[PDB]
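This report refers to the structure that appears directly beneath it.
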Amino acid sequence: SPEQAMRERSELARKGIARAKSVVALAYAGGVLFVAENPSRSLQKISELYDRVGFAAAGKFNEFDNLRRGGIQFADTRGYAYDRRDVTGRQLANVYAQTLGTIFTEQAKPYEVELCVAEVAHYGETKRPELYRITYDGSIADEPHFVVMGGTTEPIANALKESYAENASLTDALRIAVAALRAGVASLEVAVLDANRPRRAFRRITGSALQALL
Amino acid sequence: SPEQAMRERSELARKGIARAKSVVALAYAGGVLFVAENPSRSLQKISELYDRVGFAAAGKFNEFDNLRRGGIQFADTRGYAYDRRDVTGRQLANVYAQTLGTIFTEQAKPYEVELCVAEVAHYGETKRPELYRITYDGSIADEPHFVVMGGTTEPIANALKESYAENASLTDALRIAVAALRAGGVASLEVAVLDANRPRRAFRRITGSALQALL
Amino acid sequence: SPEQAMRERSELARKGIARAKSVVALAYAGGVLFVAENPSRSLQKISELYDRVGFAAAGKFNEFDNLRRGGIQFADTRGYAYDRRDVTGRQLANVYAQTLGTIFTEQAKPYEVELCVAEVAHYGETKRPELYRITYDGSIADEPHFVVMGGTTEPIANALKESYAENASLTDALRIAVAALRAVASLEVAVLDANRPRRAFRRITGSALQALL
Amino acid sequence: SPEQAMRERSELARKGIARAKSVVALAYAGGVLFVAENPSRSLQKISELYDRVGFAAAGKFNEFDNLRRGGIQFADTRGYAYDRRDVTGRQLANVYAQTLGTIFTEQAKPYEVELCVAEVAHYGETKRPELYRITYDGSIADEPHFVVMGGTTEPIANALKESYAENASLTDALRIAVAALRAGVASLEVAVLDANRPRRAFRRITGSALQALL
Amino acid sequence: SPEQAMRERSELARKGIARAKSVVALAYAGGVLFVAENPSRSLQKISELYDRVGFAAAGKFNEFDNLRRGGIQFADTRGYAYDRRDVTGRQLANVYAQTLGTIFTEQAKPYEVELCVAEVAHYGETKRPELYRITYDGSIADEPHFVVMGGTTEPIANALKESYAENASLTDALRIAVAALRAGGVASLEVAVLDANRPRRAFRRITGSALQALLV
Amino acid sequence: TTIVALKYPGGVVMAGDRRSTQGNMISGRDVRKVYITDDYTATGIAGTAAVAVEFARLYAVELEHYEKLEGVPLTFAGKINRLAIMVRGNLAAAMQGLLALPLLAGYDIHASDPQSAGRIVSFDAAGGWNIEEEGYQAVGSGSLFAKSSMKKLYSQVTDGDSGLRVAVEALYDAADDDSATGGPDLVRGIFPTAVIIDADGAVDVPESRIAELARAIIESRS
Amino acid sequence: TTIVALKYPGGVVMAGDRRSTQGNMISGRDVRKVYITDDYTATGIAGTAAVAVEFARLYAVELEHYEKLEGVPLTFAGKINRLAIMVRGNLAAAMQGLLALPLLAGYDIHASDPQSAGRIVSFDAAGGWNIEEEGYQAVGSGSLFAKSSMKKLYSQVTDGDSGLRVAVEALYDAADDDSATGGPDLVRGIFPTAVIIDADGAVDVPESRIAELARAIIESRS
Amino acid sequence: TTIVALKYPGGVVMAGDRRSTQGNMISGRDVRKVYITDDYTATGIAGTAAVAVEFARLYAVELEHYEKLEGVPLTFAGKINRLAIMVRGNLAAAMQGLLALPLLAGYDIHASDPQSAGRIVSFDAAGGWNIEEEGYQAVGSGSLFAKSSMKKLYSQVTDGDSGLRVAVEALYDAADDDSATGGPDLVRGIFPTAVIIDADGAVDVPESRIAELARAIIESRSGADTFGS
Amino acid sequence: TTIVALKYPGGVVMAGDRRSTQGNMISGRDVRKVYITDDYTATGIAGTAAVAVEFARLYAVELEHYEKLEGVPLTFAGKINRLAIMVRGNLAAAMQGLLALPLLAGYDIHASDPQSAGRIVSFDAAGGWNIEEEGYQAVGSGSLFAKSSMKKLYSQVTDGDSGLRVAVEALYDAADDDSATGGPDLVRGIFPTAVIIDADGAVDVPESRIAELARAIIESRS
């Protein structure tokens, strides 16, 4: 029954992602901002992938951490086989798309995850941030302003949909992001792909320094 | 039930192709023209395969991008093992036919896609453009004037079936296509041609102001 | 349920072949004539296999083109490993029989195809043409005068049995072939010409196609 | 269920063999005689295996041709590894028994075939002919005078059961063979293992020569 | 029902062994004696395995001939690897037990067979003969006097159970055996013995006029 | 051995000698070294006979294999590449004494100008190929002699007939200086073999025509 | 062989000679050693012809393969690395006489200063690469003579024209001292080939242009 | 060793000597070097005995293997190719001292003209083959001697018997100049062996005809020696 | 070492010496070199002891393994072939000093004439075999001596016993000339071993008979 299985697996996945905490990523003046509901001190739902490329996920941790590692593996290998500047957010999204598509199809259980790959311009370069969302079945789509994943999204999506305004400051953006999440610091994981860093954009904003923003 | 299984598979693929945006490819005076409804800046539905061979698809992106890469792999390998001029649109269509046929048969899920392989004459050469359509089950067919894939085709097919003129200009051709497509803008269209006039690499994208203009 | 599967797979196959266009091959004075209903500018259901061995098929294109390539692979390899003259139709048919037999048994889906392998004598040699028919399940059989495959065969066939004459020429048999077909640039035609020195196979296309009619 | 499998598998083999043409093999003064209903000039059901060993089969061609080749493979390899005279009909029968047994058990579909392996004495030697029948299930059994396979056997078996004359003439056997065959020349495949031949016993009786004996 | 299946599987095997001809092996003054119902000119159910070890089987020929060959393979490899004296009937029975057990478990169809491995003492050793019976599922058991396999055993078993004599002679043992086999001639029988009196290879077939003389 | 090939307006001619040697001993008197590979191509191979023959045979099968499979012949460039790959693949064995060098001659059907469609391609032991642009080429132990001969005779090449004549005379000069190359054998009637290729395809030259050219060359030098 | 490459403001020119040798013998007079690899890159390879040709052909395919697959061209650094990998891969064979060394020239489209975008990269047998910062480089048996010539003539390279002219004079000096490098052949009309690359892409220099420069140089030294 | 083969009208004859050597020592006096491969083929192998024998045996099995499998014999060209492949395959071993060179003789039932259907094929160590057009060929340490002898005697070959005679005389000439080739042994009654092939198939020549022929050659040789100096 | 075999009417005898050496040093005095392989076959092996013993042992197992599996003994030709295969398989090792050469003797129960049913087969290091037709054969470091001795004595063989005596005398002659072969040792009572095979099978010859024969031979030489 190619049609029933497809539906069940798909349901099983959507449900898992639904019962998980929410994550949000949005474009902003200095880069991209990642904000996720994360109680744990040492478990990260947001991570650096390459020089200017970031990663964020929602769902089952062991499953998305697996994808995170694979992504890092792919990026480092490319950069080395060619050059660093040949690695791009589009390539990583494309890879995740193909990977999840395969898992969803040939693995025992679908991956209960939803991913977001983001990329900002290179230092001194001028380019519009890019955000990609890959879903448990390998579907891919690029959002122009923000991405929301995990749990009940609509409430966070709409809240942000009315809230958001590009070119916002880091703080106005951080606040808008948190509030949308609120619709649907010791409980927040925050990081940015900062377009002003010379090579490695990824940077965590934690502790007191996070407090001030908040 | 094998008869039943085959049916469910075809049904699943058809549904996926149906819920997807539409794509059109048509012959014209200077080559072949590819027009697709596409919001995205970065994810493409139309691509170069080889020197005079183009590719267009509709359906699930990750699945047809997979086929696109495989196609490029096949073409580059053949050209290298033999010579560039030995690679043809017919070979590529044939390969896709066999590939999709196998997927549709032995893979967990059929590929929710529909492909079009096009070829124009070599520079200074004189030959009628060729268009092929390969469906999700491996069925292949060559259309003489245009191909339509994705979503609700009949409306677009008929609209084009009447609108069509051989040797239309690029502007005229673009218009029939856009018009035909809505019957069933630039920040929502992916456009590219196989330009028979180009010396080696025919494929070229028409984007931005250049495209706007032609519209 | 080995018996049920066997029946379903078999049905699935027969149906596919049924919904496909028809093909006919008949022995004529001049060797073998291949005539098939085919509108395509670029897809062939009739092909050369080896020097004096021809191939014709009906059913799913990607599946029989697959078999066609494998046949060419087999023939070229044998001729090289031994000698050209050691390659025969009986041999190519035998291989297809074993191949389809295996597909029908161990593959996900049976091949919706029906094949015909034909062979004419070598130049200056004197031998009666041979025609083989291999079916989706690996069954093989050699017809003495003609073979019909694809779609609704009996009308075309039965028509053929009375219509058939031995040594009917390209034109006469050719029409009988077209007639059973009905029972110009939308048709593919080729012959294994026993009168050619090595490669018997040759396509009859364009203007020459109407002339023989 | 396991009984349903066997039951089901067994029925298919029988049905396949039943709908197939019949073949007969019988001992005679000069060797063994093979006679099968065959409308084909080019496709063979009777074949040479080794010096004094013959093969005959009924059922699906591609399947018993497969077995025929494997038999020749086995025989030629054994004769080469040891000596020609070490190859025997009993060995070949044994091998087929094991082979079909395995197919019937572990292959997708059973082989719709029934085989007969025959052996005559070596030149100038004096030994009684041997006939072996191997079924689709690997069952094996040696008949003292004749073997019948394919289609409806009983009719042919009984008809032959009546007329068997050990040490009959070649023509007698041929003649007898056709009738039993008939009760069930351009449509006959005839060959014998001629004990009188110095090395290779197998030889086909075709054309005018065959006519002569009818 | 995995167990239920393992039930049918087991009936499937038993019914094949049931429908097969019977075989009997018995101890006697001179060694072990093997007697089976066998019309065949050239297909054997009784065979030599090693110097003082014999083999007998009932069931599907191609399946027990397979086991016979594997047995010979095992014995010859072991003897060569170590020494001839290191090969014993117990080892062979143990190997068959493990083999059939595996077949019965992981193979498509169970083997429709029942085997008997017998050992006589080496030349000069005084040792009572050993008879082992291995069944289609890998069960093993050593009988002190005789073993019966194939077809309807009980009738033959009981018949033998009553006239069994230890230290019994070859002619006496032969007749005793042939009788019990009737309960459930030369042209129809395969006869052989592990003759403990032989210097190395105990196994030897009793055929033709000699078998004829013994039946006399 | 000496195999020559030259371009004439509208085509190519390739001819080879018939000698075979084992050291100083003549081991062959009528070896055929020029093969018609396909309708528009001819191959001539020098070096180790066993390998030379295998090459020509395999190469022709590979070309026809592609044609049947793809419905169309390989482009001339594809043909060159396939042959080069075959040579390169024999480099280890060649270093060990199994050296075989081919000479390729053909008529390119797809070339724009027919008078210039003739093609001559030489190969080195590593598979390196070169499309000859000067009109002629040669391979084998007598190739230098033949090439020096053709250099002074080439200007007389205006058609297939004068081409074939220059080819035979070049082979004659090669035999005159290289004991490993066989000259025309008048006593046994054995002469070089040759293939001509033009728009109408590759055709074996009749022995009688070569015999006439050979005898003329000889009477001339006499 | 001698292949030269020089930077000029806004671009690069690469030029190579036409000779081929087998020991002391001239085996080629019209070999093309400089290839346009992609729209902004040119490769010139010296050494074993078979290997050199294979390299250029494979390299171009690899570059275009990436472009079609990823939708954009490899960065210039990536191009260098890929070439370097190929060279490194042939080290074993090079040790055994299959040595081939490439010279890379290109225009970097992503470089900040366009008049400075020209790139010249040399490679050693182990795949070690070096982006030339002094303006010119050369590879092959006549490379020292060419480099020493360019050292004295480089100040003259003020544009792509004088650069092409200097390149040709360097090749001429190379052939004047290295018998394995072919000078301009006035009798046959064969001249070094050259590729120029600027912001508008890589282009083959017209033979007539090179012939004019060549004749002038000859008149000058006369 | 010396093995010769020649074409006569309507047939081919192949004959070989019986000697075997280990350096200078004679290690065999009755070795049979000519084998009937199939009904219309014969093989004679020179070189390392152990390899030579394996070749003939394997080759015969391969030819018969094809026939049984395909219902028809291999064409003569196929037979040649199969043997050449076998020789090529032994090239590494041959270099290590396991060299074996075969000589093939046959009658092609499919050739056009039956009087010319005879075939002779020689092979080099790399598997290179060559169909002979001059009527004769030889292989082994005495082959040069045998060929130069046949060159002067070939015009006497007008049928099977005169061909057999010339062959025997060529082997005799080889033994006369090559210590590794054995001449006729009158004391022990050991003579060259020979196979004859024509339209009716390959047949072993009876020792008696070969023995008579050999004595006749010897007697002729004695007479001629006495007549001259 | 020296192992001899001969044919007498209705049977065969094979006999071998008892010495073992490690250079010039005598390392064994009672080695048994002749084995009864099956009821109608005997094998004698010379060369490297370790390999020689393994061969005999493996060979006998392989003959009996065939018999048990197929219910019938291998034909004599099959026995020969199996032994030859074993020798060929040891060729590489033999070139490294692990050489072993066997000598086979047997009675073919399936031959036509029983008085001529005896068989003797010699083998070379490559596995080449030869069925001896002249009545006797020998292998080992003293084989030439033994053979030249048998050549002069063979005419005396008229029965099992006279054959056995000739075999023993041949071994004696071998020891007389080859320090690696051991003569009869009277002080220790060690004598050559021997196997006799006829229609009734292979039998070990009793030490006492060999000793009587030995002494008579010695007496006769004194």
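Chain labels follow the order of the structure tokens: the first chain is A, the next B, and so on; residue numbering restarts at 1 in every chain, and ligands are counted from 1 in their shown order.
Once chain F has been superposed on chain G by least squares across all Cα atoms, the two differ by an RMSD of 0.2 Å.
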Exercise for the section: Up to 8 Å from chain F, what residues of chain B turn up? Count only C-alpha atoms and give them as a PyMOL selection string. Expected result: chain B and resi 81-83+85-86+91
Practice task
Write out as a VMD selection string all residues of segment 10-185 of chain D that backbone DSSP assigns to strand (DSSP E).
Solution key: chain D and resid 23 to 28 31 to 37 46 to 50 53 to 59 113 to 119 130 to 134 140 to 143 146 to 149
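For segment 140-187 of chain E, a DSSP pass over the backbone yields alpha helix (DSSP H) at residues 153, 154, 155, 156, 157, 158, 159, 160, 161, 162, 163, 170, 171, 172, 173, 174, 175, 176, 177, 178, 179, 180, 181, 182 and 183 of chain E.
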What does the file look like for those residues with C-alpha atoms, as a PDB file, in the first residue's frame?
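After the write, part_7.pdb holds the following:
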ATOM      1  CA  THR E 153       8.871 -48.069  12.387  1.00  0.00           C
ATOM      2  CA  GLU E 154       6.860 -49.361  15.362  1.00  0.00           C
ATOM      3  CA  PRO E 155       5.890 -52.629  13.645  1.00  0.00           C
ATOM      4  CA  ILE E 156       9.534 -53.258  12.688  1.00  0.00           C
ATOM      5  CA  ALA E 157      10.802 -51.991  16.024  1.00  0.00           C
ATOM      6  CA  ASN E 158       8.611 -54.316  18.077  1.00  0.00           C
ATOM      7  CA  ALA E 159       9.308 -57.270  15.781  1.00  0.00           C
ATOM      8  CA  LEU E 160      13.019 -56.712  16.307  1.00  0.00           C
ATOM      9  CA  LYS E 161      12.563 -55.825  19.980  1.00  0.00           C
ATOM     10  CA  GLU E 162      11.380 -59.415  20.483  1.00  0.00           C
ATOM     11  CA  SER E 163      13.927 -61.548  18.595  1.00  0.00           C
ATOM     12  CA  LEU E 170      25.872 -62.674  10.764  1.00  0.00           C
ATOM     13  CA  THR E 171      23.461 -65.112   9.221  1.00  0.00           C
ATOM     14  CA  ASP E 172      21.261 -65.105  12.320  1.00  0.00           C
ATOM     15  CA  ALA E 173      21.317 -61.316  12.575  1.00  0.00           C
ATOM     16  CA  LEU E 174      20.602 -60.949   8.855  1.00  0.00           C
ATOM     17  CA  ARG E 175      17.508 -63.138   8.947  1.00  0.00           C
ATOM     18  CA  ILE E 176      16.345 -61.549  12.203  1.00  0.00           C
ATOM     19  CA  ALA E 177      16.669 -58.155  10.531  1.00  0.00           C
ATOM     20  CA  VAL E 178      15.042 -59.073   7.217  1.00  0.00           C
ATOM     21  CA  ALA E 179      12.082 -60.466   9.164  1.00  0.00           C
ATOM     22  CA  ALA E 180      11.401 -57.367  11.283  1.00  0.00           C
ATOM     23  CA  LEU E 181      11.614 -55.443   8.010  1.00  0.00           C
ATOM     24  CA  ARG E 182       8.781 -57.565   6.570  1.00  0.00           C
ATOM     25  CA  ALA E 183       6.608 -56.877   9.594  1.00  0.00           C
TER      26      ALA E 183
END
Handout entry: Distance query residue 184 of chain F at most 9 Å, only C-alpha atoms, self and fewer than 5 positions along chain excluded, as a list in words
Key = residues 17, 18, 172, 175, 189, 190, 191, 192, 211, 214, 215 and 218 of chain F
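Atom to atom, atom CA of residue 194 of chain D and atom CA of residue 119 of chain D stand 10.0 Å apart.
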Practice task
Compile the residues of chain F that lie within 8 Å of chain G, evaluated using only C-alpha atoms, and express the compilation as number ranges by chain.
Solution key: F: 124, 126-130, 133
Handout entry: For residue 115 of chain H: contacts at 10 Å, only C-alpha atoms, fewer than 5 positions along chain excluded, given as a PyMOL selection string
Key = chain H and resi 7-11+107+198-199
Exercise for the section: Please identify all polymer residues within 8 Å of segment 19-28 of chain A, counting only C-alpha atoms, omitting same-chain residues fewer than 5 positions from it, and present them as a VMD selection string. Expected result: chain A and resid 33 to 38 56 to 60 116 129 to 131 144 to 153 166 to 170 173 177 181
